[PDB]
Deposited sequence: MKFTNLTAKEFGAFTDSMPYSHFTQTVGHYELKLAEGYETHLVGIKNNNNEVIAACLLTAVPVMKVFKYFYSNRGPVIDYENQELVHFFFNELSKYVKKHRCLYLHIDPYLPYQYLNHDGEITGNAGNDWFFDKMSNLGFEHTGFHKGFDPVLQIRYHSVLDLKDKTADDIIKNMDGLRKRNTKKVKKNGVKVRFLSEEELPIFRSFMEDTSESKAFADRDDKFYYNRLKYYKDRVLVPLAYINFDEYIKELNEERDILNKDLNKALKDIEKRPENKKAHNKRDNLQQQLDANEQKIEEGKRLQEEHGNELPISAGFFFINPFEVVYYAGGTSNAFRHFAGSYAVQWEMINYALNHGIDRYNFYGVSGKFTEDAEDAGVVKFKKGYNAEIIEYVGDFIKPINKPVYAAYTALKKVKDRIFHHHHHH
């Protein structure tokens, strides 16, 4: 067991095989930070067999002239059940950053603390409480149980949907009435989903820095997807006309029947049933033509920015057009990615950040109800810890 630097290959291979390895603990994020000019380090622990048993991507930024602010980027990735290994890692990380003029070390481990429901009630303890005391003993001072979206600190609460041993039918069955209904709706209402490339990134942007997204696409490569729910009017209108032909054919059968049995009430009811569908079909066609002329043949209605890694699919950011919410593009986008995870062996679907303030007046109250409807649960993480390396200088730094 030795603390050491890791090659990108070793780093990526290890983090891909571990639970709770954040999308920031990847080779793509490593290359991204390097590209953006950050001092970047890949550290970890190897055992006797030269096997990686812990890793962490660290970034450093100059502060107070000659020092550096070190950040663990949601890492380290390590077996947190092994308290001795955890102790060794954080002690050696401290020694490591002291070799690089660190002023203070900031860590925000992707480590569960508590589980809650979307009403803000604690449903269980993750069993990692010992972590707080150990970090304290090592000089890593916890910043507190913060809530809401901070400018610097990562959000401490995620809405997460467990997919382990579940099929798409199980997922739909566990949705609440509103989500199930809307999900069934998009499955058959003319909405389609495609994945946007860099040149169409502005379409996604229309629903929401700018370079933030571009760089993720470029460096994360296949670990990022940008689904766009949309309507292609020519294809939509074509489908409606094909459905109309069928209705017309059935209607005529109905009319013949009423002739051969002018008293058959069922036949009369059947004709009325079909005529009503024809009128609805006609209005749909007229609406399609009107929207097509005003907006063009492709109407984008919802989009999302997703990170994809072996541990989970993350719904990072997204938006939906207020004017076309009735098309349920939002549900189409979510359904596409939940299915992506189910079809390709990823057992966790992360709706990601929620404020943690489960009140009706909460800034994200509407979003939380939406996530709640998918049968997701809330995971509260331990939070942030800071270990000042040069206390007086750090004191001056904070005073600024």
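*Asks:* Residue ranges with no C-alpha coordinates, please: along the deposited sequence, counted from 1, in order.
*Replies:* Several regions go unmodelled: 209-220, 413-426.
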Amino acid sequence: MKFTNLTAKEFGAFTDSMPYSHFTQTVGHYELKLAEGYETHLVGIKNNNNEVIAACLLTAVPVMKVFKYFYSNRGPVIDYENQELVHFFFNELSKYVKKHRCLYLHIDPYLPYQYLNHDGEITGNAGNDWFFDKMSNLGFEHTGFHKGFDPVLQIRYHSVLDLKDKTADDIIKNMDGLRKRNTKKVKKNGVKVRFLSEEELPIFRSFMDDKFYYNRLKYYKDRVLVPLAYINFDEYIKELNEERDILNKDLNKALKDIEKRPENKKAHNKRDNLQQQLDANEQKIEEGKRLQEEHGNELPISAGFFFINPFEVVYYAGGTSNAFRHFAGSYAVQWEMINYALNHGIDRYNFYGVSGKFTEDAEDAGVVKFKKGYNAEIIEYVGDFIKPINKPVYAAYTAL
From here on, numbers count along this sequence of modelled residues.
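*Asks:* Averaging only over Cα atoms, indicate whether 259-267 or 288-296 has the higher B-factor in the PDB entry.
*Replies:* Result of the comparison: 259-267.
*Asks:* Going by the B-factors listed in the PDB entry, is the mean over the C-alpha atoms higher for 18-26 or for 5-13?
*Replies:* Comparing 18-26 with 5-13, the higher average CA B-factor belongs to 5-13.
*Asks:* Reading the B-factor column of the entry, which of 176, 169, 209, 312 has the highest value at its C-alpha atom?
*Replies:* Among 176, 169, 209, 312, the highest C-alpha B-factor in the entry belongs to 209.
*Asks:* According to the deposited entry, which of 200, 129, 108, 162 has the largest Cα B-factor?
*Replies:* Comparing C-alpha B-factors across 200, 129, 108, 162, the top value belongs to 200.
*Asks:* Taking the chain's C-alpha temperature factors as the reference, tell me which third residue 158 falls into: lowest, middle or highest.
*Replies:* Tercile = lowest for this residue's CA B-factor.
*Asks:* How does residue 275 rank on Cα B-factor within its chain, lowest, middle or highest third?
*Replies:* According to the entry, residue 275 has a C-alpha B-factor in the chain's middle third.
*Asks:* Taking the entry's C-alpha B-factors for this chain, is residue 193 in the lowest, middle or highest third?
*Replies:* According to the entry, residue 193 has a C-alpha B-factor in the chain's lowest third.
*Asks:* Using the temperature factors of the C-alpha atoms in this entry, rank residue 95 within its chain: lowest, middle or highest third.
*Replies:* Middle third - that is where residue 95 ends up once the chain's C-alpha B-factors are sorted.
*Asks:* Taking only the Cα B-factors deposited for this chain, tell me whether residue 34 sits in the lowest, middle or highest third.
*Replies:* Its C-alpha B-factor belongs to the highest third of this chain's values.
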